[PDB]
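Chemist: Give the three-dimensional model of this entry:
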Amino acid sequence: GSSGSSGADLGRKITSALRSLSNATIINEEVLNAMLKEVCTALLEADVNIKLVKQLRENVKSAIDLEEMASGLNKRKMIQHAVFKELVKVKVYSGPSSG
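Modeler: Numbering: from 1, shown residues only. Next up is the structure itself:
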């Protein structure tokens, strides 16, 4: 079963992931790493090439900073958005990009 044609379930697969953070209190490299396995999946369940999804995690993890992050709800924010943001990137097609 599946109604509509666009996705939905997609962001829903990741949503829960990112949502796993808002709940999480620790928040560390592991988390992202773990949560990633939950996100990277969605992408993998989309069509994106593993080689890409393998470059996303980094581009994402690198977009953050677990190597050194005191503490702040922001982290969970900038993180929850970071990902949701990267999803927008995923290798621009030909928009407002500067290589």
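Chemist: measure residue 98 to residue 78 for me?
Modeler: 22 Å (CB to CB, to the nearest Å). Where you see a C-beta, it was placed from the backbone N, CA and C, and this is true even at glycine.
Chemist: neighbour-wise, which of these two wins?
Modeler: More crowded of residue 98 and residue 78, by other CB atoms under 10 Å: residue 78, with 16 against 4.
Chemist: Phi, psi for the residue nearest in space to the middle of the chain please.
Modeler: Nearest to the mean C-alpha position of the chain, by CA atoms, centre = their mean, lies residue 83 at 3.2 Å. Note on residue 83: backbone dihedrals following degrees, to the nearest 10 are phi -60, psi -70.
Chemist: and it, what does it touch?
Modeler: 14, 17-18, 39, 60 (CB atoms under 8 Å, 6 or more residues apart in numbering).
Chemist: could you flag which of the residues you listed are buried?
Modeler: When the contacts of residue 83 are checked for burial by 16 or more other CB atoms under 10 Å, the buried set is 14, 17-18, 39, 60.
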